Amino acid sequence: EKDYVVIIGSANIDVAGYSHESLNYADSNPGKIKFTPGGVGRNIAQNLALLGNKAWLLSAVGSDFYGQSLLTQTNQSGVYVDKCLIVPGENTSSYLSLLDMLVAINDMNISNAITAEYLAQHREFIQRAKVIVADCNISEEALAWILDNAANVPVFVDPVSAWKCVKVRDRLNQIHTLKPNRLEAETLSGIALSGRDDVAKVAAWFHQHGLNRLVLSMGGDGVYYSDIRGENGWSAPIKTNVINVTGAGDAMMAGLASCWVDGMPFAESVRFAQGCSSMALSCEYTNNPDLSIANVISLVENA
Amino acid sequence: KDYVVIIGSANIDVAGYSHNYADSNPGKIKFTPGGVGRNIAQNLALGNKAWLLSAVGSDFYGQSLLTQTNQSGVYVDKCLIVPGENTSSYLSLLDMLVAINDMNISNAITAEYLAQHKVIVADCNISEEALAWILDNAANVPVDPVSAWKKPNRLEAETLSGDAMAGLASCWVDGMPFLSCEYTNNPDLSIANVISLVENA
Amino acid sequence: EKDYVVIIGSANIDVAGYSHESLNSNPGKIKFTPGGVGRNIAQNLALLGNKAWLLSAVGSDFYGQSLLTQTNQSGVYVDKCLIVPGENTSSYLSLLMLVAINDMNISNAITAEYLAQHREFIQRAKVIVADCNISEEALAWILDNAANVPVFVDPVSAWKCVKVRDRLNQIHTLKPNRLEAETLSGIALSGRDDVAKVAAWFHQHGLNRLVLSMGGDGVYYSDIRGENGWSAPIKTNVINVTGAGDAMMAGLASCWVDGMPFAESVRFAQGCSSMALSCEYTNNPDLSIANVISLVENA
Amino acid sequence: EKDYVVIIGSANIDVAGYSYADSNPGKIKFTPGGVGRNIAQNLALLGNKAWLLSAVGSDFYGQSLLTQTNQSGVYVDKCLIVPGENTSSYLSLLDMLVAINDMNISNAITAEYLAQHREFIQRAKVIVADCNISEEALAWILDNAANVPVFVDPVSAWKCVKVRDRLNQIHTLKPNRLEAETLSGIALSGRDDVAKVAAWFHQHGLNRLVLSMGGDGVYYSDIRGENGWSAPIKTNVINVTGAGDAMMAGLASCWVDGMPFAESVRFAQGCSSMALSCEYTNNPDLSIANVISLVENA
Amino acid sequence: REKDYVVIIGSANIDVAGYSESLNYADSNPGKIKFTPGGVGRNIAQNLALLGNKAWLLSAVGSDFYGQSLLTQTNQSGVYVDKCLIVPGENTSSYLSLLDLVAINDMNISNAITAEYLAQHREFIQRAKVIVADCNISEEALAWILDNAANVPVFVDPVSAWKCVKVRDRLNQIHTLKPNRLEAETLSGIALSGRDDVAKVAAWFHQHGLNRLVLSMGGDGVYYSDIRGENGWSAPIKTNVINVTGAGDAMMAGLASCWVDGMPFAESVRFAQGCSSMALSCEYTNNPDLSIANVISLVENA
Amino acid sequence: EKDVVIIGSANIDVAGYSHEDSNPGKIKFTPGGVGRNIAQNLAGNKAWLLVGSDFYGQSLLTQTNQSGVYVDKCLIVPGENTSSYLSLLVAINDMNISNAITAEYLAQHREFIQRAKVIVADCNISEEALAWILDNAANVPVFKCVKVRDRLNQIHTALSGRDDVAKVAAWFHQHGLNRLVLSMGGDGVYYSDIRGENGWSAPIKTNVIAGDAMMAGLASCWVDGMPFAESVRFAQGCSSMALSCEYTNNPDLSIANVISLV
Amino acid sequence: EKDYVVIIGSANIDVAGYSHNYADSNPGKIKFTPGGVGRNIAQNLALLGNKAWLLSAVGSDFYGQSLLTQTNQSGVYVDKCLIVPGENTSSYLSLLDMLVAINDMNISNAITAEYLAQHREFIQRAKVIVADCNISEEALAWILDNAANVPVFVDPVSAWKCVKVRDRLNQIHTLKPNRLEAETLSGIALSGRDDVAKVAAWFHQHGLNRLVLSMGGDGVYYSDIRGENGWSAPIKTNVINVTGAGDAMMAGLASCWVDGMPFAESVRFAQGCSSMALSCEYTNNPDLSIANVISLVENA
Ligand SMILES: O=c1[nH]cc([C@@H]2O[C@H](CO)[C@@H](O)[C@H]2O)c(=O)[nH]1
Ligand SMILES: O=c1[nH]cc([C@@H]2O[C@H](CO)[C@@H](O)[C@H]2O)c(=O)[nH]1
Ligand SMILES: O=c1[nH]cc([C@@H]2O[C@H](CO)[C@@H](O)[C@H]2O)c(=O)[nH]1
Ligand SMILES: O=c1[nH]cc([C@@H]2O[C@H](CO)[C@@H](O)[C@H]2O)c(=O)[nH]1
């Protein structure tokens, strides 16, 4: 109610291929192919809407049925998408994935339709939000715009990929919270993360470059959280049986931002976000439709 | 050199012919592309070179609308595909009798959209300041009223005291000194036939 | 559960128009919603926790695909529906009160042969709900090949309900209104006094159960075995009259499958109708047995 | 958009004497005072809904303070009225020679009192607190801020050290030479020693440091790396009282307006200059437009 | 050539290679295990020495016998390693490879190559003809080299995608970068899915100050681009790959050797491609028969 | 002053640790080989181990000798290179110098082997060499080679269920195996004797972070005149101590520490 | 509510050339700005919220009608201006970097006693009269002799054009000269800032009521014949273009007189107007207002 979250990210059409028993590179093996809504920013937005947050998605889609399906379904998930960009002439971004996991391919060129001018057309709206969530799928110039014209509003940035997260390197002094993985953080810092011993030096590198809060996900080991103010620590993983690994980081980011707007401490926010990730893990769907604050709180309580 | 632009609306027309009132009166129901501006454009494709500046929703209705309108010759690249709203609709009881309109996406056709870019054609569905905005930016380069709430008729004129009428305006690009069809507009209408009217009587 | 309900009805695209005050272009709201008597009854049946299978016809157009997708999303199995390439999805235009138009020709695509392809399945159901939107031959087939399974028939309209006249001896529960029953019987219903004579006419022609809706007056129920009576209307705030009879029919059938007495089935069906009225949408998604039970509870 | 600013500070009665041997006749002035109260008034003058959470002593003086402050556009309905104590006071012998401060009612601002207005504090845009209150109260505010920025005014060198272990919970701190020296323990005897003092503050978790070094200017520093110097706006002094309060008000008002650090420091310096240019503790002509005007002429 | 030299600041690893009908996995799996000299910088040094260049290696090794063995082996290959650092307490860098799967690198002694250590050999570095650096060293060391190059061209090998970002804001001090698809995608942030977006990637690099870009693409070729406007494609020299290791090192060696010999950009790229081709045809990381004459033979015979 | 012979392999162990292109991690160069490890672990025992001209071999041998192992009778052959063992935790093994141990090499120290208390043998040597040891053991206890068939009768010391382990163990005893110490993990260490005392032993609680130290324990307790069960307790403690350390052989592994663990 | 100000002055077309000159085909900046002392003062007064009427002379050139139009759009009533057919509107060429000066102003002599006599009724009913020294001795004589007790503020414009006011100081309410003009008139030397006070005494002895001398090395000296004398402190400003300053000063003084403001403070306000004039590259600062000038003098 007058408090909202703006997400500038990508909205993709996800094509997922599953094969019966084990799948090997040779021969055509029958299985299940799914067309599901996707895109880091879109997923984060949907999960935020599911967490009882007024989420506004600022993405770019095409004039094809894929785009309209994305927009309609996303709006139907409680996400305000009236300010989204529909580009007439270009194609909706796509993501092909062989899950279980083999190589993932992404055809995302409409993400560059999200421009400085487009965001500038929605200035003040972005500047009057509680939190701004951006992903590294957009253009470097757009990220620059958001970070420079945030107007003292915290910007939470999702790295998405290791080759796409360098765009915020020279700009870490403008990011409120980065959640990279091992490969991503190794890529950014240049320091090897070959252990649980080597995360202090990476965190130190990030803080020396101006990063306020770092949420480094180190698989098995857990999630290492660090604040530039001196607050460092480790968080243990919440025991869960996997079904689909897709959507973990998105649920984490949604949780983190929702917990920031809820006036929650860093560590507690890390546990809660880990709970959202855990709920994402337990679902076959990219986005758990039953994802709620109550369920996540129950999960962190009972574990 | 000469380009024609119609800043009008594009609706989805649902027509009905009923011919108790409570008991389901049998008849015919047709789903056809509508909208004043879009119709004008379709009849400006009388061979004119037209461009449509209308707003449609991001639904199957809007996309089918722009598809049909595109195949009709008109260029639908400058049209605004609006997110968060529905395609304009028009309920016509024909045989005229009663007419209802669900047109709120006309708010997307605002002065900001009109800014970024022979005869300018517009309707009264357009918001106040937008209409007035193209009334300020006419630049001496040369409307078609719909109803009282929204060329004209005495009905709507005397309250303050355009489709088929609207394609004829092409005569101002011709230097000329001053109906019964199932398909909403004729699929192969040419000016030579309108002249053939005179050739007969 | 190997217990299911088969519904042979129509699936229309309903276009509803609401305005301010008609001056004869009156501004307002035009809504495109899924419709059709059989389809609606099917959805309501699925909402009452009955495994409902719809046997209808759609027109291979986006209208049809939308109808099927939404209806399936309402929990209704639509895999046995007919998708006809050449015809158009049936349509229903309403100026809501004033003027109702129906364009339903694909309803004749629901044929005896088509149903014969789904015989046994139809014959192995608990109840069959059919509407008078289909052809006389199709209704004749269903009634002749019911295999001792009760067939609940919705008259839908007065002009298309006469086809069940000479076939009333094969009908379990018939649910007509004033005009429909007047047309069928030929006896005037001008009052609460002439309903005994109409019930007598219907039963003399072989109708097992008659559920005559007389609006204000209430709902008069009658059995050929002798159990007759009136049911008082549950007074409710009007919002949308569409879907009332559909929800009532759904209630009657759902209550038959639950081994419920005639009168109680009528009361429950009346509750379903009341829930239908309290919603602007044709089908209330929150329609449940518990809620209806609550509604009868305050009455 | 429901945007407001909450100030937890002190409200004092300022008594100034104008004229150390003989009985000296002169003029005695009774003016509203207190760091937090002044900041609140200046914020109200800068077009911000400011809510003051202070304590008064049921005295006619206190009621007068509340009325005057309300007339300055500041909401004082949530202030604490303590029955038994006296409104805090500040006495000055100007000719400045003797300065005395009697503020014990500042301890009436407690953790429980603030906890009664928690959610309200947690739904504010900015929190401005002063070091006149108890360490426990400051601890409450800083611990229950709910990710809402807390701007802390050091007030005095002996009263600022209570935030020295809570610097990691403070957004913007605005100390002078003696205050920052006392806190850090590092001498500011140079213009080079601001790098090491700022570094000390940053090692302890401070986000933003706004060190005012009189003549020299204002050195600003962010823990993310943005450091720099701002030249002082040279002005003809008249009364030095109220400068830092207007500066703090300027900084917070610029935070709620989405303004960069350095630019906010200049704006705050302009507010300070307007305060200096006034005989009054609080300049009644203090506005965004006027401050913008002197900042243009620079 | 005489009293003309090249300084290489790189890594020196001990490479442990495991060779496999199939892989038995657990419960042992017979095969062949080879210990060969390695490390990008070291390899570049050897290849440069083979191309008739006076090469000085500025690396760091561990007081383990491996380090002295490395230094001796490199010295016998004609490489001056007298200025290398021998670190007592640390272990010689290592690279484990399961050839065909698994690749592991244990290189922390690469951080012993520091700004101070190089500062001790400044003047010498500043009197070289060319400086070859790799991205295995510390960011501070790279910063030092780039800041104290004294107008001597710095050729930088990215080595890895996660280790090349250390030069991303320091590209304005680099004379020549030799990245692959993934490395250039990582640095630029621009997708290399096409051959049209290599113009866009090159444009990105040039906007950030890179003088010369030599983008090595597996297939399709090597795209070369100059900030001065000279862009073009070079076709790959078809060869039967025996072992792919050591290609880029020979490429870099070729590029630098061709710079000091006053050769045009394009021809230098072709020559370097010839060095890569000779590297591919050998089982060893470094071809001992690598010469200017042989490369010339390979490129002449297209 | 006059009281063990270990005939085993001596490998160069290269260990690769990597987290779950180019992935950074830890590569350790440690002395290795089953026989070498057992020998080192045995050494409060007087241990004799029965390599190439490479530096690797001399470093390995000196390391073992400084670890208290007498290696003067080990074979240093200047014709081949020291054996190697690669482990990425996949295991690759380059062991051909272990085949240099031939009948003449073993026969040259026959008297010495036959005057020992225990003989420790490995399943990596040739069938003919193992045959030599088992046939020329001279009533001295001899402690994955499937060729061991029909040769079980000369060695001192399917499984889907735990009831059917009786059939496999009984099978081993039926083929002439005297004592069986089967390591399964979960259950622990199952011991079985042809004389009838059979049983299961639970694992000594440790975090994995082994078998060579186990064998070393068994033999060391045999020479210490200790019953089978207690020997199993000690050997399991040795296994546990091996597990709690990153390096191949725990330098703090002692009888004093292991008895403490039990 | 019919109180207005009448300005009898010159209207020039100012062409300014900047180019930091011995050769040919040398690129630079050429600016076309409306000018003329009287016209500029009038415009500045109109910007200060004064009803200003210009009584000037323009030529049959369309440029002149355009001039009048631009000035009218600046809020100055120019309907009483003289349009002489057959001749051209006066022009002023200036080559700055001031370096070179050329002036074509002879239509300024078309401003005659008779022309003013047709607008006598109107001129005598103004609050203040602003005249420039671009006009004829006969016209100036007319204005000063037929002022009918209405204050006449006269700008000297030039040193050679400042001689017409000498023996006629007894008819002037306020003169705003520079160093050379005042020296030429007085006969008292200019050197230094201290032994120059007697110049004001000379002016007052000849009957001058108010004197506003602009001096360098900080200081604008104001003097009244009643004894009211003083110096004014300079407003530190960034000199973008010095053109149009004195016009803004005179405009300020007159506007402050009609608004009932004291002498010294009127001089300060005028200094603020000059400061606003200096901050503009254009001859006339378009944002010149009472509020902005008050802000600038306040912050000083
Ligand atoms: O490079 C990208 N890969 C994948 C995604 C999307 O994010 C989802 C991961 O949760 C994924 O399913 C894909 O849709 C993306 O946005 N960019
Ligand atoms: O003739 C008909 N009229 C209306 C309907 C449908 O019945 C519904 C009213 O409850 C409505 O959905 C309409 O579509 C029909 O099936 N046949
Ligand atoms: O110790 C203190 N002395 C003075 C003040 C107040 O600050 C004002 C000066 O800015 C002043 O009004 C005084 O009351 C205070 O809060 N604490
Ligand atoms: O991270 C690294 N991996 C591999 C190498 C070496 O580069 C050689 C391949 O060109 C190779 O021999 C390896 O040792 C390195 O230096 N750093």
# chains A, B, ... in the order shown; residues from 1 in each chain; ligands from 1

$ interface_residues --of "chain D" --to "chain G" --cutoff "12 Å" --atoms "only C-alpha atoms" --output "list in words"
residues 233, 234, 235, 236, 270, 273, 274, 277, 285, 289, 290, 291, 292, 293, 294, 295, 296, 297 and 298 of chain D

$ residues_near_ligand --ligand "ligand 3" --cutoff "8 Å" --atoms "only C-alpha atoms and all ligand atoms" --output "list in words"
residues 9, 10, 11, 12, 13, 14, 32, 33, 34, 35, 36, 38, 89, 90, 100, 101, 103, 130, 132, 155, 156, 159, 241, 242, 243, 244, 245 and 281 of chain D

$ select_by_dssp --residues "segment 92-250 of chain A" --states "alpha helix (DSSP H)" --output "PyMOL selection string"
chain A and resi 116-120+140-148+182-189+199-208+248-250

$ interface_residues --of "chain D" --to "chain A" --cutoff "9 Å" --atoms "only C-alpha atoms" --output "ChimeraX atom specification"
/D:1-2,122,144-148,167-169,202-207,223-226,255-260

$ write_last_selection --atoms "N, CA, C and O atoms" --output "tab-separated table (two decimals), in the first residue's frame"
chain	number	residue	atom	x	y	z
D	1	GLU	N	2.11	9.67	-1.19
D	1	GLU	CA	3.27	9.10	-0.51
D	1	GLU	C	3.42	9.66	0.90
D	1	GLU	O	3.65	10.86	1.09
D	2	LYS	N	3.26	8.80	1.90
D	2	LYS	CA	3.36	9.21	3.30
D	2	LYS	C	4.81	9.27	3.76
D	2	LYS	O	5.34	8.30	4.29
D	122	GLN	N	9.91	3.17	12.85
D	122	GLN	CA	10.36	2.23	11.83
D	122	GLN	C	9.71	2.49	10.47
D	122	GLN	O	10.10	1.90	9.46
D	144	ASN	N	16.79	-0.94	16.92
D	144	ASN	CA	15.44	-1.15	16.42
D	144	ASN	C	15.07	-0.15	15.33
D	144	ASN	O	13.92	0.31	15.25
D	145	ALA	N	16.04	0.20	14.49
D	145	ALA	CA	15.83	1.17	13.42
D	145	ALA	C	15.11	0.54	12.22
D	145	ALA	O	14.50	1.25	11.42
D	146	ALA	N	15.20	-0.78	12.11
D	146	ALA	CA	14.56	-1.53	11.03
D	146	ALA	C	14.96	-1.03	9.64
D	146	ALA	O	14.11	-0.69	8.82
D	147	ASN	N	16.27	-0.98	9.41
D	147	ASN	CA	16.86	-0.57	8.14
D	147	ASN	C	16.45	0.85	7.72
D	147	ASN	O	16.39	1.17	6.53
D	148	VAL	N	16.19	1.70	8.71
D	148	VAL	CA	15.94	3.11	8.47
D	148	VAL	C	17.15	3.91	8.95
D	148	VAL	O	17.53	3.80	10.11
D	167	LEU	N	28.88	2.86	16.16
D	167	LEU	CA	29.15	3.57	14.91
D	167	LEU	C	28.80	2.73	13.69
D	167	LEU	O	28.52	3.27	12.62
D	168	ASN	N	28.79	1.41	13.86
D	168	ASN	CA	28.46	0.50	12.78
D	168	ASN	C	26.95	0.46	12.50
D	168	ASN	O	26.50	-0.23	11.59
D	169	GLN	N	26.19	1.18	13.31
D	169	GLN	CA	24.74	1.21	13.18
D	169	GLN	C	24.26	2.61	12.81
D	169	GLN	O	23.06	2.87	12.71
D	202	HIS	N	35.90	4.55	9.59
D	202	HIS	CA	35.46	3.54	8.63
D	202	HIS	C	35.82	2.12	9.07
D	202	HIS	O	35.12	1.17	8.72
D	203	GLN	N	36.91	1.98	9.81
D	203	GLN	CA	37.28	0.67	10.34
D	203	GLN	C	36.26	0.20	11.37
D	203	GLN	O	36.08	-1.00	11.58
D	204	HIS	N	35.59	1.15	12.01
D	204	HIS	CA	34.60	0.84	13.04
D	204	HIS	C	33.18	0.70	12.51
D	204	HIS	O	32.26	0.43	13.28
D	205	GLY	N	33.00	0.87	11.20
D	205	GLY	CA	31.72	0.57	10.58
D	205	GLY	C	30.87	1.75	10.17
D	205	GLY	O	29.73	1.58	9.75
D	206	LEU	N	31.41	2.96	10.29
D	206	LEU	CA	30.66	4.16	9.94
D	206	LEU	C	30.50	4.31	8.43
D	206	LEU	O	31.47	4.24	7.68
D	207	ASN	N	29.25	4.49	8.00
D	207	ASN	CA	28.95	4.63	6.58
D	207	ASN	C	29.43	5.97	6.03
D	207	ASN	O	30.24	6.01	5.11
D	223	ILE	N	32.23	5.08	3.38
D	223	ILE	CA	32.93	3.81	3.58
D	223	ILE	C	33.14	3.08	2.25
D	223	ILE	O	33.97	2.17	2.15
D	224	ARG	N	32.38	3.47	1.23
D	224	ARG	CA	32.50	2.88	-0.09
D	224	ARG	C	33.64	3.51	-0.89
D	224	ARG	O	34.00	3.03	-1.96
D	225	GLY	N	34.21	4.59	-0.36
D	225	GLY	CA	35.37	5.22	-0.98
D	225	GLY	C	35.26	6.69	-1.38
D	225	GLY	O	36.29	7.35	-1.55
D	226	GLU	N	34.05	7.21	-1.52
D	226	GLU	CA	33.89	8.60	-1.94
D	226	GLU	C	34.32	9.58	-0.86
D	226	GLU	O	33.57	9.86	0.07
D	255	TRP	N	18.96	13.79	2.08
D	255	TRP	CA	18.84	12.34	1.94
D	255	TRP	C	17.44	11.94	1.51
D	255	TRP	O	17.29	11.11	0.61
D	256	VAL	N	16.42	12.52	2.13
D	256	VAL	CA	15.05	12.16	1.77
D	256	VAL	C	14.70	12.64	0.36
D	256	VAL	O	13.74	12.15	-0.24
D	257	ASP	N	15.46	13.59	-0.16
D	257	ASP	CA	15.22	14.13	-1.49
D	257	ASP	C	16.07	13.44	-2.57
D	257	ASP	O	16.12	13.90	-3.71
D	258	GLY	N	16.73	12.35	-2.20
D	258	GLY	CA	17.53	11.57	-3.14
D	258	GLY	C	18.69	12.33	-3.75
D	258	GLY	O	18.88	12.32	-4.96
D	259	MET	N	19.48	12.98	-2.90
D	259	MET	CA	20.61	13.79	-3.35
D	259	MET	C	21.95	13.16	-2.98
D	259	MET	O	22.09	12.58	-1.90
D	260	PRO	N	22.95	13.28	-3.87
D	260	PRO	CA	24.30	12.77	-3.65
D	260	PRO	C	24.97	13.35	-2.40
D	260	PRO	O	24.58	14.41	-1.93

$ interface_residues --of "chain B" --to "chain A" --cutoff "8 Å" --atoms "only C-alpha atoms" --output "PDB file with N, CA, C and O atoms, in the first residue's frame"
ATOM      1  N   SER B  58      -2.206  -5.920 -25.203  1.00  0.00           N
ATOM      2  CA  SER B  58      -1.274  -7.010 -25.458  1.00  0.00           C
ATOM      3  C   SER B  58      -1.993  -8.347 -25.370  1.00  0.00           C
ATOM      4  O   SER B  58      -1.522  -9.279 -24.718  1.00  0.00           O
ATOM      5  N   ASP B  59      -3.144  -8.427 -26.022  1.00  0.00           N
ATOM      6  CA  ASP B  59      -3.924  -9.652 -26.037  1.00  0.00           C
ATOM      7  C   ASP B  59      -4.114 -10.148 -27.463  1.00  0.00           C
ATOM      8  O   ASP B  59      -3.674  -9.511 -28.421  1.00  0.00           O
ATOM      9  N   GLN B  63      -3.563  -8.220 -31.255  1.00  0.00           N
ATOM     10  CA  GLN B  63      -2.609  -8.780 -32.203  1.00  0.00           C
ATOM     11  C   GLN B  63      -3.302  -9.205 -33.493  1.00  0.00           C
ATOM     12  O   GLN B  63      -2.797  -8.949 -34.587  1.00  0.00           O
ATOM     13  N   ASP B  77       3.253  -0.585 -37.701  1.00  0.00           N
ATOM     14  CA  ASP B  77       4.509  -0.570 -36.960  1.00  0.00           C
ATOM     15  C   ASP B  77       4.552   0.558 -35.931  1.00  0.00           C
ATOM     16  O   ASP B  77       5.227   0.447 -34.907  1.00  0.00           O
ATOM     17  N   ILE B  81       1.271  -0.925 -28.737  1.00  0.00           N
ATOM     18  CA  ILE B  81       0.794  -2.139 -28.086  1.00  0.00           C
ATOM     19  C   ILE B  81       0.874  -1.967 -26.575  1.00  0.00           C
ATOM     20  O   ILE B  81       1.947  -2.079 -25.981  1.00  0.00           O
ATOM     21  N   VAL B  82      -0.271  -1.702 -25.957  1.00  0.00           N
ATOM     22  CA  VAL B  82      -0.307  -1.272 -24.565  1.00  0.00           C
ATOM     23  C   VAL B  82      -0.409  -2.421 -23.566  1.00  0.00           C
ATOM     24  O   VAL B  82      -1.335  -3.229 -23.628  1.00  0.00           O
ATOM     25  N   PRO B  83       0.557  -2.491 -22.638  1.00  0.00           N
ATOM     26  CA  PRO B  83       0.555  -3.450 -21.530  1.00  0.00           C
ATOM     27  C   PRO B  83      -0.289  -2.961 -20.358  1.00  0.00           C
ATOM     28  O   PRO B  83      -0.262  -1.773 -20.036  1.00  0.00           O
ATOM     29  N   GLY B  84      -1.027  -3.870 -19.728  1.00  0.00           N
ATOM     30  CA  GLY B  84      -1.814  -3.528 -18.558  1.00  0.00           C
ATOM     31  C   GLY B  84      -3.210  -3.031 -18.880  1.00  0.00           C
ATOM     32  O   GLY B  84      -3.935  -2.586 -17.989  1.00  0.00           O
ATOM     33  N   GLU B  85      -3.591  -3.102 -20.151  1.00  0.00           N
ATOM     34  CA  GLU B  85      -4.928  -2.690 -20.562  1.00  0.00           C
ATOM     35  C   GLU B  85      -5.492  -3.604 -21.645  1.00  0.00           C
ATOM     36  O   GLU B  85      -4.765  -4.395 -22.249  1.00  0.00           O
TER      37      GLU B  85
END

$ residues_near_ligand --ligand "ligand 2" --cutoff "9 Å" --atoms "only C-alpha atoms and all ligand atoms" --output "number ranges by chain"
B: 23-26; C: 9-15, 33-40, 90-94, 100-104, 131-133, 156-157, 159-160, 241-247, 282
